[PDB]
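Notes to accompany the following structure.
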Amino acid sequence: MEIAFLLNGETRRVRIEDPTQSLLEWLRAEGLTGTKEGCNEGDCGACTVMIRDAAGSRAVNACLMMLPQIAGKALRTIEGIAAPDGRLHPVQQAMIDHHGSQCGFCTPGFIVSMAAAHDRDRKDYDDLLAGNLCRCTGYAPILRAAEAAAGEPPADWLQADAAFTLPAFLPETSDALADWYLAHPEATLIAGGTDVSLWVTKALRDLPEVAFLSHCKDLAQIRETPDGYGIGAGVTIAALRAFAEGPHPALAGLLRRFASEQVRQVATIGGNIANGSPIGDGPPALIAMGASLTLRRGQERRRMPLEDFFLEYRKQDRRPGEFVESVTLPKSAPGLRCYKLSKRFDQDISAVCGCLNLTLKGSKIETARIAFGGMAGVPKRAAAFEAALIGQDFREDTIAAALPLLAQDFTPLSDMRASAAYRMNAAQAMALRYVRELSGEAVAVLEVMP
Amino acid sequence: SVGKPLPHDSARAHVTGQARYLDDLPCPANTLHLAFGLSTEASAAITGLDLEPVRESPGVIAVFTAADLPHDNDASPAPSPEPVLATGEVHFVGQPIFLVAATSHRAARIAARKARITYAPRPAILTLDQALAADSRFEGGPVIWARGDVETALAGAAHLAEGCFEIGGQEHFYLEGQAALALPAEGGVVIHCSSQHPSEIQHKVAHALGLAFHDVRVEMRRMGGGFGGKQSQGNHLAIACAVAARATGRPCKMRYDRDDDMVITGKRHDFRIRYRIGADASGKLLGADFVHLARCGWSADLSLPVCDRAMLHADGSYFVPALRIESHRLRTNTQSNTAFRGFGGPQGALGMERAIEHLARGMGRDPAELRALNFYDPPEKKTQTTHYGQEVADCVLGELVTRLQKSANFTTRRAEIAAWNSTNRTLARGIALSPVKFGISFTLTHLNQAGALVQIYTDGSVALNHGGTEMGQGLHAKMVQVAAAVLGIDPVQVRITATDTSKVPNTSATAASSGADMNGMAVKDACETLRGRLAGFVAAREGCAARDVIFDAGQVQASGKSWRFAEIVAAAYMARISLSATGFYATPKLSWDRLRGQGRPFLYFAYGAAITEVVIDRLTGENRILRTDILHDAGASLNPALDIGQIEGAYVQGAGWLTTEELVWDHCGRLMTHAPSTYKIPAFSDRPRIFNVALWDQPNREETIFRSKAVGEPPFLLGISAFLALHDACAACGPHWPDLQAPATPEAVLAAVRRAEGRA
Ligand SMILES: Cc1cc2nc3c(=O)[nH]c(=O)nc-3n(C[C@H](O)[C@H](O)[C@H](O)COP(=O)(O)OP(=O)(O)OC[C@H]3O[C@@H](n4cnc5c(N)ncnc54)[C@H](O)[C@@H]3O)c2cc1C
Ligand code: XAX
Ligand code: HPA
Ligand code: FES
Ligand code: FES
Ligand SMILES: [Ba+2]
C-alpha cells in the first residue's frame with residue numbers, strides 16, 4: 001500500500017506495510033529528530049506537528065497520528081517551520097527575543113503549535129497552546145512572544161503547501177464503509193485514533209483489519225434537518241465546538257475543555273460515543289439535551305436516544321457490523337448547562353460532569369434533563385433526583401431538598417482523581433450551581449477578572 | 001557581558017529543533033535499546049523468575065539478572081546500598097528486577113512484560129503512620145536539633161497555636177525523560193546521558209564494570225529539565241547501559257517512557273508537619289516546636305541531606321529565640337524519594353509559614369504585620385542567629401516586603417476583596433504575602449568546589465568548558481558572559497563545550513543553586529590566568545607594567561597603542577606563551593556540624609517576596625490564581641532576563657506543587673498517578689493572569705561572582721504565597737479555621753471551605 005504527502009515542502013511517497021505506526025515514529029525513524037517524545041499519550045504536545053488539507057491548517061500530536069491518515073495532506077514538522085532560505089518564522093524570533101526557551105524541549109511543539117495559530121490567524125493562545133505543556137518557564141514568556149509574533153505577516157512559504165494535490169481499508173463514501181464493515185465485524189475502526197493509538201503505544205496491542213474513517217467526507221457532516229441538526233459521527237470536536245458557538249453556546253463552553261486543541265482537531269464525536277466512556281464528556285451534554293444517536297448495520301438505520309446506547313460498562317448497543325453514523329440534536333436548548341470538574345481546568349479527565357437542562361412554566365419545573373459523567377460506570381441520567389424536581393418550584397431550597405436522591409441515583413467510585421464522597425458531593429453542588437447561575441448569580445470561577 | 005539580558009546559549013538552536021538531546025543523537029547501526037522489567041509487588045521475596053518467554057521474545061539480544069552483573073550492583077548516592085537489578089527480593093512496586101536488551105526500544109518494552117515471576121509477599125510499609133509504628137526509618141532514629149528551651153517558652157507564651165498538616169510529594173515531569181547511551185570505546189566506555197551529575201555517573205558506571213575511573217568518560221551537552229530528578233536517578237540507566245554494552249559488545253542506549261519514569265524513579269519527599277508555635281502580647285515569637293515526618297521511600301537516595309535542609313529552613317524567614325525540630329527519616333515500600341528544586345527547603349519553610357499563619361489567625365492579627373514584626377534584622381554589637389546558629393546579616397526582607405507591598409498595591413486590594421467577598425456567596429477571593437529566606441551552598445560542604453578549562457585559539461576565538469550542566473537554567477550563558485567579561489572580549493568569541501569528565505574532573509552535581517556561583521568563579525580563574533599571561537607578555541613586549549594593559553571590547557590597549565584581541569593572541573602564540581588554562585573554586589567560610597546542628601553551612605541567603613490573589617468556587621472547590629507580584633533578590637544579577645525567567649517558572653512550579661500536582665498510591669503501593677493523564681502540572685492557562693516579577697538589585701554582601709546571587713532553588717518557595725492566598729480565600733467563608741492541606745486540589749480546597757463553614 002502506498003500513500004503520498006507534502007513533508008516540509010518536499011513531495012514524499014511512502015509504502016505502508018505497518019498501518020499502525022504513529023507519525024512520531026515515522027519522523028524520528030526517518031531522521032526528523034526535531035519532533036520529540038514526551039509520553040505517547042497525547043498530553044504534553046512535545047510532538048505537535050502541522051498538517052494541511054482542503055479544510056485548512058491544523059496542529060496535531062504526531063504520536064496519535066497513524067500514517068494512513070496524512071494520506072494526501074501537507075505536513076510541516078519543526079525542522080520545516082523556518083523559510084527554506086534560512087529566515088525564521090515570526091514565531092521563532094519572538095520566542096528567541098522573549099525567552100520562550102529554557103531547557104528547549106517543549107519548544108519545537110510550541111513553535112509548530114504557534115506557527116499553525118499564526119497561519120490560520122488565531123489568537124486564543126490560552127486554549128490554543130493548552131496542549132503542549134512546559135515545566136520550565138511559566139508560559140508568561142511564551143505568551144508575550146506569541147503576541148509579538150502576532151503582529152508580523154503570515155509565513156508565505158508555509159502558505160505554499162495549500163496548492164498540494166489539488167492492506168488497511170480507507171473508505172471514501174459512507175456506503176463503501178457499511179459495505180466493508182458488513183463483512184468485517186471483528187475489524188478495528190480508527191477515526192481520530194486518539195483512543196485506539198493508546199492501545200498500540202501504551203497497551204502495546206496488535207490489530208489486523210483496520211479501517212480509517214478519517215477519509216469519509218459524507219460521514220463527517222454538519223447538516224440541518226427539520227427537527228434540529230444532524231451531526232455525522234465523523235465530525236471533529238474542534239468543529240463541533242465551532243458549530244455550537246451559535247446554537248449551543250453551553251455545549252461549546254464544555255467542548256472548550258475537551259482534551260486539547262491538538263486532540264480536538266482529530267478526535268470525533270461518534271468516536272467519543274462509540275468509545276463508550278463513562279468519564280466521556282461528549283455524551284452527558286448530548287444526553288441532557290436529548291439527542292438521538294444513529295447506527296448502521298449495512299443498509300440498516302436504528303435511531304435511539306443516546307442514553308439508551310449505553311447499557312452496562314464496556315457494553316454497548318452495538319451489533320456485529322453496526323457502526324455510529326450520525327447524531328441528531330434539536331435546534332435550540334436554552335436551558336442547558338454543562339459543568340466539568342477536574343483537578344486542573346484544561347485537558348484533564350473530569351471526576352464529575354454535570355449536565356442540567358430544565359424548562360419553566362412561570363416558576364414550576366416542566367421537563368428536567370439532568371445527566372452525569374463519572375458518577376456511575378456509564379453516562380446515565382439521574383432518575384430519582386429528576387423525578388423529584390418535575391412539577392415543583394424552581395428555587396434553591398426545593399432543589400436542595402431533593403439533593404439526597406442523587407445518592408440513590410449513583411454510588412460513585414474512589415480513584416486517584418476524586419474520592420467518592422467528593423464526587424457525590426460535587427454532583428449535588430452542581431444542582432445548586434444551576435439554580436444560582438440561572439437566577440443570575442456569579443458562580444463561574446473561570447469568568448472572574450483579576 | 002555580565003549583567004546584560006542576553007539570551008539562552010541555544011535559544012536559536014532550541015527554537016529551530018536542531019538542539020539535540022540524548023535520544024536525538026546519532027549512533028551505530030547496531031545500537032541495542034534497553035528496558036527494565038518492573039516488580040509488581042511492594043515487599044516480597046522473588047521465589048520464581050522465569051525469563052524464558054522474555055528471551056524468546058523477538059528483537060531480544062540479551063536479558064539480565066542481578067546475578068549476571070559483573071561488579072557493584074549499586075546506584076545509590078548514599079554509602080547505603082541500592083541495587084539496580086533486584087537482589088532476591090523486591091521493596092516497592094516498580095523496582096527493576098531485570099533488564100532486556102533488544103534491537104529496538106519498542107521490542108524491549110514488549111519483552112519486559114513477558115516475564116514469569118512468582119513472589120512470596122510479606123507485609124508492606126506504605127503510610128508514615130505504619131513506618132513510624134513499625135520503626136521503618138533511616139539513620140537509626142530521628143535527628144533532633146534544639147535552640148534554647150521551646151517547652152519553657154510555650155509554657156508561658158501569651159499566644160500559642162498548635163496544628164498538624166499534610167504536605168504531599170511532587171513528580172519532576174522534566175520533558176526529556178531519564179536517558180543514557182553507552183559506547184564501548186575499546187578498553188573503557190563512553191557514556192552520554194541526560195544527567196545533572198556526570199561525575200557520579202562516571203563513579204557508578206566505573207564500579208559496575210570494574211575499571212578504574214580513568215576508563216569511564218561521561219559527556220553531557222544538555223537536559224530537557226532536571227529539577228533534582230536527574231541529580232542521581234541517572235545512575236540506573238547509565239549502569240544498565242554500560243553493563244549491557246560490556247556484555248553484548250554493542251553500543252547500548254536506554255530511555256524510560258513516562259509510564260516507566262514515574263513508576264521506577266523517586267519524587268519529592270512528602271512531609272507531615274506538627275507545629276507548636278508561640279508568641280507574646282506584642283507579637284514577637286517566643287519559640288516554635290516542629291516535628292517532621294518524611295517519606296524517604298524504599299531506599300536512601302538523597303534522603304539524608306534533604307531532611308537536613310528541611311530542618312535548616314525551619315526558621316522560614318523569621319527570628320525565633322527557641323526552636324526545636326525532630327525530623328523523622330521514615331522508610332516505606334514506595335519509590336525512593338530524591339532531590340527536587342529546593343531540596344527540602346520548601347517543606348521545612350512551609351511548616352514555619354503554616355505555623356506563623358495559624359498563630360496570626362488565632363490571635364486575630366494580620367499575618368503580613370505579624371511576619372513583618374518577626375523578620376530578621378537588616379544589616380548595619382550582636383547579630384541575630386538562626387536555630388543552627390548562623391549569623392544572619394544579609395537580610396533585606398524589611399525593605400523588600402515594604403518595596404513589594406507598595407508596588408503591588410497591597411492594602412487597597414486586600415480591602416477591595418473584603419467588599420467583593422460580602423457581595424459574593426458562591427465565589428471567594430483570597431490574597432497572601434509570603435517571604436523567602438533560602439541558604440545558598442551545599443549542605444554537605446566538601447561538594448562546594450567547581451572547575452573550568454579554557455582554550456584560546458590562534459584566531460582569537462575561545463573554547464569554554466566547566467563542570468556545570470545545562471538543564472535550562474541558562475548556566476552556560478552566564479559562564480559565557482563571565483568568560484567574555486574577564487578576557488574583555490565579545491561573548492560571540494566564547495564557545496561552550498559539552499560538559500566532560502575528561503575536561504573538568506571530579507565535578508559535583510549541578511545542584512543547590514551553586515552551579516552558577518562556583519563555576520562562574522571557576523571560569524573567572526582560568527580566564528584571569530589567561531588574561532594575565534597575555535598582559536604580562538604585552539607589557540614586556542611594549543615596555544611597562546602588566547597592570548596597565550587593558551583588555552576591553554575585543555581590543556587590547558597598552559603603551560597608548562591598540563590591537564585587536566586576535567592580534568595579541570597570535571603574537572603570544574608566536575612568543576610561545578600558553579593559551580590554555582584551568583580554573584578552580586571552593587566556597588569559603590563554610591563549616592558546620594550536621595549531628596550537632598551548629599555552625600555556618602551557608603555562605604549567604606537569597607531573599608524574595610510574593611503576593612498572590614486567587615478565586616475559589618465554594619460549591620465544588622475549583623480554583624485559580626488571578627495575580628502574582630514577586631520582588632526576588634538576585635544580588636547583582638549575572639543575566640537580568642534569564643533570572644527573571646527562572647523566578648517566573650520557579651514560582652509557577654512552586655505553586656503547581658501546592659495546587660493540582662498530587663501523588664496517589666493504592667492499598668498495595670501502586671502509583672495510581674503514573675502518567676500525564678493523572679498527574680497535573682501547571683498548564684498554559686494556569687499562569688498568573690497578571691504576573692509581575694521584579695528584581696531586587698543590590699550587590700551581594702559576600703564575595704560571589706560579580707556580586708551575583710544564586711537564583712535556581714530560592715524562587716521556588718514563592719509558590720507558598722498561592723497556597724496561603726488559597727487559605728485566605730477559605731478563611732473568608734466561615735469563622736472557623738479551615739485546615740487546608742498540601743496539595744490544595746479542588747477537593748482539598750472544598751474540604752477547607754467546608755470546615756470554615758462548619759460542616760461534617
Ligand atoms: C490527550 C487525550 C485527551 C483526551 N481528552 C478527552 C476528553 O477531554 N473528553 C473525553 O470524553 N475523552 C477524551 N479522550 C479520550 C477519547 O475517547 C478520544 O480522544 C476521543 O473522544 C474519541 O474520538 P476519536 O475520533 O479519536 O475516536 P477513535 O479514538 O478513533 O475511536 C475510539 C473507539 O471508538 C470506535 N469508533 C470511532 N468512530 C466510530 C464510528 N464512527 N463508528 C463506530 N465506531 C467508532 C473505534 O473503533 C474505537 O473503538 C482523550 C484522549 C487523549 C489521548
Ligand atoms: N530550566 C530549568 N531551570 C532550573 C532547573 C531545570 O531543570 N530546568 N533545575 C533547578 C535546580 S534543581 Mo537542584 O539541588 O538539583 S534539587 S539545582 C537547580 C538549578 C540549577 O542551576 P544553577 O543554579 O546550579 O546554575 O536551578 C533550577 N532551575
Ligand atoms: O542543597 C543541596 N542540593 C542538592 N544536593 C545536596 N546535597 C547536599 N546538599 C544539597
Ligand atoms: S508524545 Fe508527549 S504528547 Fe505526543
Ligand atoms: S523549556 Fe524546559 S520544558 Fe519547556
Ligand atoms: Ba522522578
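Labeling convention for the C-alpha cells: chains A, B, ... as they appear, residues from 1 per chain, ligands from 1 in order of appearance.
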Neighbours of chain B in chain A at 6 Å, counting only C-alpha atoms, as a short mmCIF file (atom, residue, chain, number, x, y, z; two decimals) with C-alpha atoms, in the first residue's frame:
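In the end it all went to selection.cif:
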data_model
loop_
_atom_site.label_atom_id
_atom_site.label_comp_id
_atom_site.auth_asym_id
_atom_site.auth_seq_id
_atom_site.Cartn_x
_atom_site.Cartn_y
_atom_site.Cartn_z
CA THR A 33 14.73 14.37 15.32
CA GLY A 34 13.14 17.81 15.95
CA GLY A 38 7.07 13.14 25.96
CA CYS A 39 4.82 10.17 26.74
CA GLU A 79 12.62 21.35 11.22
CA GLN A 92 10.68 31.61 16.19
CA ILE A 96 14.07 33.91 20.97
CA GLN A 102 14.88 27.30 28.93
CA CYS A 103 15.54 23.56 28.51
CA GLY A 104 14.31 23.82 24.91
CA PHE A 105 12.42 20.53 24.90
CA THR A 107 9.94 24.47 22.27
CA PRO A 108 9.57 22.53 18.97
CA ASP A 126 -4.74 30.06 26.30
CA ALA A 130 -3.06 24.28 26.26
CA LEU A 133 2.94 21.91 28.35
CA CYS A 136 10.39 25.46 32.82
CA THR A 137 9.24 28.98 32.08
CA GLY A 138 5.69 29.55 33.42
CA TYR A 139 4.25 30.32 29.96
CA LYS A 343 -8.08 18.80 39.38
CA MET A 416 -6.78 8.94 42.11
CA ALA A 426 -19.83 17.94 43.76
CA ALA A 429 -23.16 21.06 44.28
CA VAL A 443 -20.92 31.07 40.08
CA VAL A 445 -14.66 30.64 38.78
CA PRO A 450 -8.20 40.00 38.04
#
What are the nearest atom pairs, with distances in Å to one decimal, for all residues of chain B that come at most 8 Å from ligand 6, using only C-alpha atoms and all ligand atoms, set out by chain and rising residue number as CSV?
residue,atom,partner,partner_atom_place_in_ligand_line,distance
B:171,CA,ligand 6,1 (Ba),5.4
B:172,CA,ligand 6,1 (Ba),5.0
B:173,CA,ligand 6,1 (Ba),7.0
B:229,CA,ligand 6,1 (Ba),5.1
B:233,CA,ligand 6,1 (Ba),7.7
B:261,CA,ligand 6,1 (Ba),6.3
B:262,CA,ligand 6,1 (Ba),5.6
B:264,CA,ligand 6,1 (Ba),7.9
B:265,CA,ligand 6,1 (Ba),4.8
B:266,CA,ligand 6,1 (Ba),4.8
B:267,CA,ligand 6,1 (Ba),4.8
B:338,CA,ligand 6,1 (Ba),7.9
Residue contacts of region 559-575 of chain B (7 Å, only C-alpha atoms) excluding same-chain residues fewer than 4 positions away, as JSON, numbers by chain: {"B": [458, 459, 460, 534, 537, 542, 554, 555]}
Neighbour list for residue 339 (chain A) as a count of residues only, cut-off 12 Å, only C-alpha atoms, skip fewer than 4 positions in-chain: 43
Tell me, as a count of residues only, which residues lie within 7 Å of residue 327 (chain A), counting only C-alpha atoms; anything in the same chain fewer than 3 positions away does not count. 8
Out of region 219-428 of chain B, which residues get alpha helix (DSSP H) from DSSP, as a ChimeraX atom specification? /B:235-248,258-264,303-312,345-362,367-372,397-407,410-423
Expected selection as number ranges by chain for ligand 1 within 7 Å, only C-alpha atoms and all ligand atoms: A: 41-43, 188-196, 198, 213, 233-234, 236, 257-260, 263, 266-275, 277, 279-282, 323-325, 347-349
The selected residues should be written to file as a compact mmCIF listing (two decimals), in the first residue's frame (atoms: N, CA and C atoms).
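Output file out-v8.txt follows:
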# COMPACT_ATOMS: atom_id res chain seq x y z
N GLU A 41 0.90 9.63 24.88
CA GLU A 41 -0.45 9.60 25.44
C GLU A 41 -1.21 10.88 25.05
N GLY A 42 -0.52 11.77 24.34
CA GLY A 42 -1.12 12.98 23.75
C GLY A 42 -1.19 14.21 24.64
N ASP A 43 -0.69 14.08 25.87
CA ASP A 43 -0.96 15.05 26.93
C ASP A 43 -0.03 16.27 26.95
N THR A 188 -10.99 -3.49 13.57
CA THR A 188 -10.66 -2.35 14.42
C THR A 188 -10.80 -1.03 13.64
N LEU A 189 -11.82 -0.26 14.00
CA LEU A 189 -12.12 1.00 13.34
C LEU A 189 -11.31 2.14 13.94
N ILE A 190 -10.64 2.92 13.09
CA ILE A 190 -9.90 4.11 13.54
C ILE A 190 -10.46 5.39 12.90
N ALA A 191 -11.06 6.24 13.73
CA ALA A 191 -11.49 7.56 13.30
C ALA A 191 -10.35 8.52 13.57
N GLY A 192 -10.44 9.27 14.67
CA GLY A 192 -9.37 10.17 15.08
C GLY A 192 -8.14 9.44 15.58
N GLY A 193 -8.36 8.24 16.11
CA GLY A 193 -7.28 7.40 16.63
C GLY A 193 -6.73 7.84 17.97
N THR A 194 -7.47 8.71 18.67
CA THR A 194 -7.00 9.26 19.94
C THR A 194 -7.25 8.32 21.12
N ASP A 195 -7.93 7.21 20.86
CA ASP A 195 -8.10 6.17 21.86
C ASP A 195 -7.57 4.81 21.42
N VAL A 196 -7.63 4.57 20.11
CA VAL A 196 -7.12 3.33 19.54
C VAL A 196 -5.58 3.29 19.55
N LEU A 198 -3.63 4.65 21.74
CA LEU A 198 -3.18 4.44 23.11
C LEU A 198 -3.17 2.95 23.47
N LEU A 213 -11.71 5.88 9.11
CA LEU A 213 -12.92 6.60 8.73
C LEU A 213 -12.62 8.08 8.49
N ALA A 233 -21.04 11.20 12.58
CA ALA A 233 -20.10 10.60 13.54
C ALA A 233 -18.64 10.95 13.27
N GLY A 234 -18.36 11.43 12.07
CA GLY A 234 -17.02 11.81 11.67
C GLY A 234 -16.64 13.24 12.01
N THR A 236 -15.36 16.39 13.82
CA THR A 236 -14.33 16.59 14.83
C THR A 236 -14.80 17.56 15.91
N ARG A 257 -13.13 22.69 26.99
CA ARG A 257 -12.30 21.89 27.88
C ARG A 257 -12.31 20.39 27.55
N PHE A 258 -12.55 20.05 26.28
CA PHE A 258 -12.46 18.67 25.81
C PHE A 258 -11.06 18.44 25.26
N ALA A 259 -10.25 17.68 25.99
CA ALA A 259 -8.86 17.39 25.63
C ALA A 259 -8.04 18.68 25.42
N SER A 260 -7.25 18.72 24.35
CA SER A 260 -6.59 19.96 23.91
C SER A 260 -6.99 20.32 22.47
N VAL A 263 -5.83 17.62 20.14
CA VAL A 263 -6.65 16.41 20.07
C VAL A 263 -8.05 16.69 19.50
N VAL A 266 -8.64 16.17 15.67
CA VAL A 266 -8.71 14.81 15.13
C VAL A 266 -9.72 13.91 15.83
N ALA A 267 -9.92 14.12 17.13
CA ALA A 267 -10.92 13.37 17.90
C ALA A 267 -12.33 13.72 17.44
N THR A 268 -13.16 12.70 17.23
CA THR A 268 -14.50 12.89 16.68
C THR A 268 -15.60 12.65 17.71
N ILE A 269 -16.80 13.10 17.37
CA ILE A 269 -17.98 12.93 18.23
C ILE A 269 -18.43 11.46 18.30
N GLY A 270 -18.60 10.84 17.13
CA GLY A 270 -19.04 9.44 17.04
C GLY A 270 -17.97 8.47 17.49
N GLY A 271 -16.72 8.93 17.47
CA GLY A 271 -15.61 8.18 18.04
C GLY A 271 -15.69 8.17 19.55
N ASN A 272 -15.93 9.35 20.12
CA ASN A 272 -16.11 9.51 21.56
C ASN A 272 -17.31 8.72 22.07
N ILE A 273 -18.39 8.74 21.29
CA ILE A 273 -19.61 7.99 21.60
C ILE A 273 -19.36 6.48 21.49
N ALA A 274 -18.78 6.05 20.36
CA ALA A 274 -18.54 4.63 20.08
C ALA A 274 -17.42 4.04 20.93
N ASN A 275 -16.61 4.93 21.50
CA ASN A 275 -15.66 4.58 22.53
C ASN A 275 -16.38 4.06 23.77
N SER A 277 -17.09 5.67 26.86
CA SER A 277 -16.52 6.04 28.15
C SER A 277 -17.55 6.59 29.15
N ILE A 279 -16.41 8.36 31.82
CA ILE A 279 -15.75 9.66 32.01
C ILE A 279 -15.64 10.41 30.67
N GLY A 280 -16.41 9.94 29.69
CA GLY A 280 -16.55 10.61 28.40
C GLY A 280 -17.42 11.84 28.56
N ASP A 281 -16.93 12.96 28.03
CA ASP A 281 -17.54 14.28 28.23
C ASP A 281 -18.52 14.68 27.12
N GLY A 282 -18.40 14.04 25.96
CA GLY A 282 -19.38 14.18 24.90
C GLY A 282 -20.80 13.82 25.34
N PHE A 323 -22.33 0.37 13.07
CA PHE A 323 -21.45 1.48 13.46
C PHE A 323 -22.20 2.79 13.63
N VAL A 324 -21.63 3.69 14.43
CA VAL A 324 -22.19 5.02 14.66
C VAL A 324 -22.04 5.87 13.39
N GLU A 325 -23.18 6.34 12.89
CA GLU A 325 -23.23 7.07 11.63
C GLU A 325 -23.40 8.57 11.86
N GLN A 347 -7.44 20.24 29.65
CA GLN A 347 -7.00 18.87 29.36
C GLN A 347 -6.82 17.99 30.59
N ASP A 348 -7.95 17.51 31.11
CA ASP A 348 -7.97 16.56 32.22
C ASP A 348 -9.24 15.71 32.12
N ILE A 349 -9.19 14.55 32.74
CA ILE A 349 -10.34 13.67 32.87
C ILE A 349 -11.22 14.20 33.99
What does the structure give for the distance between CA of residue 53 (chain B) and CA of residue 25 (chain A), in Å to one decimal?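 That distance, rounded to one decimal, is 26.2 Å.
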